[PDB]
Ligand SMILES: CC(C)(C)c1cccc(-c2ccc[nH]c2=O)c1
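Here's a solo chain for you in structure tokens, the form solved without this ligand.
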């Protein structure tokens, strides 16, 4: 029951790989300690392979089956539709990996005959063949981090033609089934503010609240064939067209459960028997399985009033404390149950009695004060990785602009406002690219967004209070202070100075640009303004922005 088997062929790159942080005339103004930032490359693929390769064992008890029966009952109320070839094509990222069959994402988005015909043939084959394993490409991802070095993560994905077929058969399913099955516990249905709101209200719902985060060790590799078949059984509970059921069964047997791994050079690297990280069902599948195992585990551990929050493999549990000594014991039982279900912990889970001390999705709840001085909760996170990536994107253009996604997601934070906004608007100004649309990601889905719309976007997501938060917590303040000293990032006084400059320049520009200067940097001036709702704020269509997770699902949405 090994997660992977290898032939010995190396996981190769499909282009040039940089490890050291690229430096340009702008680097120093943001970060001086350049050696602490690095990018993971294929060179460390071998190390990752050893970590993700192990034997899985599963002992499924009655709690497991009891929870599953419940999940299926909810899933049976779901009705999902097949997406047309055109609709699926539209969801394909302009820069998605091209097909090995004479066409690329551009041809797919354009509905070229060649692309449409191959997709139809791939679909036909899925209906007629439910046994032959589908080929996948294994690659080492190039991600940026701050030292203290980790081996590159692996990404396994099927060909473009297959990815479009996954959309047709399962897009509607993975977009609507999770919230129906898990209710308020499905994390991807919330915007950052709504996530904090749910966490806060949940924590208050308890007489004596207690909570903890549970980090599974290499979750993808712990997903067994059984887990993937159980996932399919859940999808099949939905009201689906017979053609969709066949396609889902086929995709499960031939791709989701496992298959051969091929490097960029076309050499067989081995075989997979665990979760593929680059398929449409990755996020929904992990979310369902994690929720199923954790739910069953809570019962086995006898935790009282268990409220969960799941986002793929990230898990948050808030419940009624049965006492400090009892909580620590119950948690140990939880871990033991999760382990029996093939989901051992990476790091020992610890009970917390302070909401702000629980970290999940690399985030945590914190509190500040709005213009009225009222206590306001918001989502933040350790800025280390965002800043390292911001440094990289400062001297290198990338497919995904993490700084933009981070501003949108953490707009209310001290670090995003003082540093990210100031630094990058200064850059956008100097190059006059404020109106240029940029790609970023939100819950795994790719979105093309223009910087000029940030004020509106942030207002809709976080409200006007995002532009006026102050008096952050000492804990947050010092975590940011530490990070800046570690990376060698200039202090507040410097950023405030730059913000006034950036702010003044934006105000001069006028229109959309002035709005950015007025709202985004109102904290830079000594005498604040009023800051009132933005007229075009409602015009924005943020409908499918916070509905589901699509990490590795090759999903696109143009704003």
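Positions refer to the first chain, counted from 1.
Keep in mind the form solved in complex with this ligand is missing from the figure; the text below concerns it.
> Which single stretch, out of 116-124, 189-197, 250-258, 429-437, brings residue heavy atoms within 4.5 Å of this ligand in the entry with it bound?
Of the options, only 189-197 has residues within 4.5 Å of the partner.
> May I ask whether 361, 405 and 409 all come within 4.5 angstroms of this ligand in the entry with it bound, judged by heavy atoms?
Contact check passed for all of 361, 405 and 409.
> I'd like to know whether residue 442 contacts this ligand in the entry with it bound, with contact meaning heavy atoms within 4.5 angstroms.
Within the cut-off, so yes.
> Answer yes if any heavy atom of residue 379 is within 4.5 Å of a heavy atom of this ligand in the entry with it bound; otherwise answer no.
The answer is yes: residue 379 has a heavy atom within 4.5 Å of this ligand.
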